[PDB]
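Below: the structure, in structure tokens.
The numbers here are math on the coordinates, done by the rules we state, and not lab data. Backbone-built Cβ (ideal geometry, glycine too); neighbour counts: all protein chains shown.
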Amino acid sequence: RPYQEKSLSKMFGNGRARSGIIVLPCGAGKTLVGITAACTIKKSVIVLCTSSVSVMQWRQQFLXXXXXXXXXXXXXXXXXXXXXXXXXXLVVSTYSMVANXXXXXXXXXXXXXXXXXXXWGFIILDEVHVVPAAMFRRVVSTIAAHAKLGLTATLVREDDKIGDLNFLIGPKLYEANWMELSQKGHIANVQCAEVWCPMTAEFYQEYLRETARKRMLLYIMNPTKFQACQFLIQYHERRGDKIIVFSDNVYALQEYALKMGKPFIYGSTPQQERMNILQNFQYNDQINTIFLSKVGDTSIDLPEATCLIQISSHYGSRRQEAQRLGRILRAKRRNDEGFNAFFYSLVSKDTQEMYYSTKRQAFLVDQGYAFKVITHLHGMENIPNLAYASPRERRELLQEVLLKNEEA
DNA sequence: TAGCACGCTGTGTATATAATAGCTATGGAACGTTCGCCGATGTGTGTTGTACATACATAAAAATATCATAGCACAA
């Protein structure tokens, strides 16, 4: 990819003594850039990752290059260990395993052999936006190499600590514009859209009488959000496109999941059921609407479903939802003549959550994506299958929300 | 006059020779029937001691957000 050689030209310029951060999309090949840099340096390279799936991907890249089984390419994890050799090495480690404090499973010595014997020379950190934390400062404080590299896709955080990475690892060298990359490769056009649904009177006065995170249980459970949600679901099913529903709250995800009758993936869920739901979403055309929480978004991103719906949200964590949204957008690439990606933000008027979703839309403006407002698409008035459209169901839902407030 | 005893009559017995008719024991082959003592040495289990792989509540980490309290500032 041209931008990858545009990033490698900086390494080809000076050669020795260099450190910086390279911003590349998730769908791009930053791991290939790490492989090329590993071929240019030829030394013990350590790749800092947070999940085993990324370790398996880096191992697959090592297989795409050459060798992995002979005593040279090592693997560090809490399950097994593998030997290494000087002058050339490729190993992937976990942040929580290298960090620690005093808990030990007779494996911290195996890491202190890679760090004690001084077999290093190249540092690779996956997702640098997570570095602003004490454990990563300890990791950097326990390592020292000749060349450092930071592979990440985003860096927008409101912790005011992203600027420290300019001296902890190095200043950002190349930031690729996702619009020009969309022109190089169709990574699904980004259509940002907020749905403005009216707010009922009872949920408005009860919403004002509530506060903190409890008023979210009155912002999400609005009947017009169920009507507009069903209208968007039936609309996308009529267009023949799969639907992914995001929710920062597990309770709302279970409510919409059970009321819509679709599979759901949330916390404390068996992994076999998660894999079954994933296979049903990949193969079965009857399941075109999945309800995914943060566990289903951080662990895996699927290239299907051009329809992304956002209902639940948390205060301040708008940039993280923009990063996950960006992961689902960049995950969809196949060079199509159309390829229209639709992001809907179900927001209710006069609520305290839309005013942060606007900050998320500001993050979506900083990336160059297109944003437009949507009050209501004509067609919901012709859907007799809408729930909570009658005053009876609205009063019953009001009583259910009041009971939910009495439980919390 | 009938059993008993005596004399008389018929039969089997052994033998060569042939005629030349049916009658039959024999060995083989095939189908249907009830039935199937103390000492020394060596094995033989079963609950269970030992043991391994996956589940699951814990520990912890890590990542973060929001009310309360002290101090400083402002008002009835």
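Looking only at residues of segment A:348-376 that are surrounded by fewer than 17 Cβ atoms within 10 Å (Cβ to Cβ) and charged (D, E, K, R), we find that the one that is farthest from A:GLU180 (Cα to Cα) is A:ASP350. Against the list (1) in a loop (DSSP other than H, G, I, E, B); (2) in contact (Cβ under 8 Å) with a residue 60 or more places away in the chain, the condition A:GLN230 fails is (1). Scanning segment A:5-57 for residues that are under 21 Å from A:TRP120 (Cα atoms) and hydroxyl-bearing (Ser, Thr, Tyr) turns up A:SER19, A:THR31, A:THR36, A:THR40, A:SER44, A:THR50, A:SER54. If the condition is being in a strand (DSSP E or B) and closer than 23 Å to A:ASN405 by Cα, then segment A:233-255 contributes only A:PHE246. Of note, A:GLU180 satisfies the criterion of being within 23 Å of the chain's Cα centre (by Cα), surrounded by fewer than 20 Cβ atoms within 10 Å (Cβ to Cβ) and not small (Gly, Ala, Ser). Candidates in segment A:120-135 are the residues that are closer than 24 Å to A:UNK84 by Cα and of a type outside the set (D, E, K, R); of these, the one that is nearest to DNA strand B (Cβ to nearest atom) is A:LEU125. Does A:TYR256 satisfy the condition of being aromatic (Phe, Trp, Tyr), within 27 Å of A:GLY316 (Cβ to Cβ), within 16 Å of DNA strand B (Cβ to nearest atom) and in contact with a helix residue (DSSP H, G or I) (Cβ under 9 Å, 6 or more places away or on another chain)? Answer is no for this residue. Summed over segment A:378-408, the residues that are among the aliphatic types (A, V, I, L, M) and either within 16 Å of A:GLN310 (Cβ to Cβ) or loosely packed, with under 12 Cβ neighbours inside 10 Å (or both) give a count of 2.
Please work out if A:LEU258 is surrounded by fewer than 16 Cβ atoms within 10 Å (Cβ to Cβ) and in a helix (DSSP H, G or I). When the stated conditions are applied, A:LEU258 passes them. With the structure loaded, tell me whether A:UNK104 is more than 25 Å from A:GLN367 (Cα to Cα), within 16 Å of DNA strand B (Cβ to nearest atom) and outside any strand (DSSP E or B) or whether it fails that test. Here the answer is yes, as A:UNK104 does meet what is asked. Taken across segment A:91-99, residues that are in contact with a strand residue (DSSP E or B) (Cβ under 8 Å, 6 or more places away or on another chain) and part of a loop (DSSP other than H, G, I, E, B) do not occur at all. Scanning segment A:261-316 for residues that are away from DNA strand B (no atom under 16 Å from the Cβ), surrounded by fewer than 17 Cβ atoms within 10 Å (Cβ to Cβ) and without any contact (Cβ under 8 Å) to a residue 24 or more places away in the chain yields a total of 8.
Residue-by-condition table, conditions (1) surrounded by 12 or more Cβ atoms within 10 Å (Cβ to Cβ); (2) farther than 25 Å from A:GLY326 by Cβ; (3) touching a residue at least 60 places away in the same chain (Cβ under 8 Å); (4) within 11 Å of DNA strand B (Cβ to nearest atom):
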residue	(1), (2), (3), (4)
A:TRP58	yes, no, no, no
A:UNK89	yes, yes, no, no
A:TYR95	yes, no, no, yes
A:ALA144	no, yes, no, no
A:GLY150	yes, no, yes, no
A:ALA153	yes, no, yes, no
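Just one residue in the set A:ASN222, A:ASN189 is crowded, with 16+ Cβ neighbours inside 10 Å, closer than 17 Å to A:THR351 by Cα, in contact (Cβ under 8 Å) with a residue 24 or more places away in the chain and more than 16 Å from DNA strand B (Cβ to nearest atom); that residue is A:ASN222. Of A:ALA228, A:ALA193, A:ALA212, A:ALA201, all but one fail to be over 27 Å from A:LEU386 (Cα atoms) and among the small types (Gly, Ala, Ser); the exception is A:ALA212.
Of all residues in segment A:155-168, none are away from DNA strand B (no atom under 16 Å from the Cβ) and buried (at least 17 other Cβ atoms within 10 Å of the Cβ). Looking at segment A:22-56, which of the residues that are part of a loop (DSSP other than H, G, I, E, B) and charged (D, E, K, R) is surrounded by the most Cβ atoms within 10 Å (Cβ to Cβ)? The selected residue is A:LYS43.
Pairs under 6 Å by beta carbon, first residue of a type in the set (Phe, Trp, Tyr) in segment A:194-211, partner in a helix (DSSP H, G or I), six or more apart or different chains? Pairs that qualify, where the first residue is of a type in the set (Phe, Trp, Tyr) and the partner is in a helix (DSSP H, G or I), are A:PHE203/A:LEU218; A:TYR207/A:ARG215; A:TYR207/A:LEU218.
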